[PDB]
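>>> pasting the structure only:
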């Protein structure tokens, strides 16, 4: 289960976005997502639009510059270390001592049939910590 690079993780398929599916972190807002755009492959920089369920059944949206430092995706002060990513469908990252499993928007109707490398890495790294499910099928689509 050889991981792709942090840049390859950030960029993913280059379209759609990623929803936070499972995390060790409690109190996360439903429908937490990130979506990359304006990808600069040479610089390894992008625009990230991120947010979660807001009011009125609409996603919140905030933007930031995403970049790479070592094997971490950097957004503001958040350095999300890539534990495993396939660059296509899912990522397992570590941020602020939490283990997070993210899924591409194309993978949301197969939440029980994810890349074995992603689920194995998530299950290994979370240890004895309870998991929390953040994605639900009724989450809105990614912002456009």
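Yep, it's here. Numbers count the residues shown, from 1 in each chain.
>>> what helix or strand is the spatially most central residue of the chain located in?
When C-alpha atoms, centre = their mean is applied to the chain, the residue found nearest the centroid is residue 102 (3.8 Å). Per DSSP states H and E: residue 102 is located in strand 98-104.
>>> pull up the pairing partners for that strand, direction included.
strand 18-23 (antiparallel), strand 90-95 (antiparallel) (DSSP bridges).
>>> now distance to residue 129 and mean neighbour count too, for these, in TSV please.
Yep, even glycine has a C-beta here, placed from its N, CA and C like the rest. Shown next, in TSV, are these (distance: least, C-beta to C-beta, whole Å; neighbours: other C-beta atoms under 10 Å):
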stretch	distance to residue 129	mean neighbour count
strand 18-23	10	24
strand 90-95	12	24
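>>> quick one: the residue of the chain positioned farthest from its centre from residue 140, how far?
Taking C-alpha atoms, centre = their mean, the residue of the chain most remote from its mean C-alpha position is residue 56, at 23.7 Å. Note on residue 56: its distance to residue 140, by C-beta to C-beta, to the nearest Å, is 11 Å.
>>> same check, this time on residue 72
Distance of residue 72 to residue 140, given as C-beta to C-beta: 28 Å.
>>> neighbour count winner among these two?
The neighbour comparison of residue 72 against residue 140 (other C-beta atoms under 10 Å) goes to residue 72, with 19 against 12.
>>> tell me the SS of the closest residue to the more buried one other than its chain neighbours?
For residue 72, ignoring the flanking residues on the chain, the nearest one in space by C-beta to C-beta, 6 or more residues apart in numbering is residue 79 at 3.9 Å. Going by DSSP: H, G, I helix; E, B strand; the rest coil, the secondary structure assigned to residue 79 is strand.
>>> quick check: residue 79 touching residue 93?
No: here residue 79 lies out of contact with residue 93, judged by C-beta atoms under 8 Å, at a distance of 9.6 Å.
>>> what's the overlap in contacts for those two?
Common neighbours of residue 79 and residue 93 (criterion: C-beta atoms under 8 Å, 6 or more residues apart in numbering): residue 73.
>>> follow-up on the earlier one: ok, the residue nearest to the centre of the chain to residue 3 distance?
Separation of residue 102 from residue 3 (C-beta to C-beta): 13 Å.
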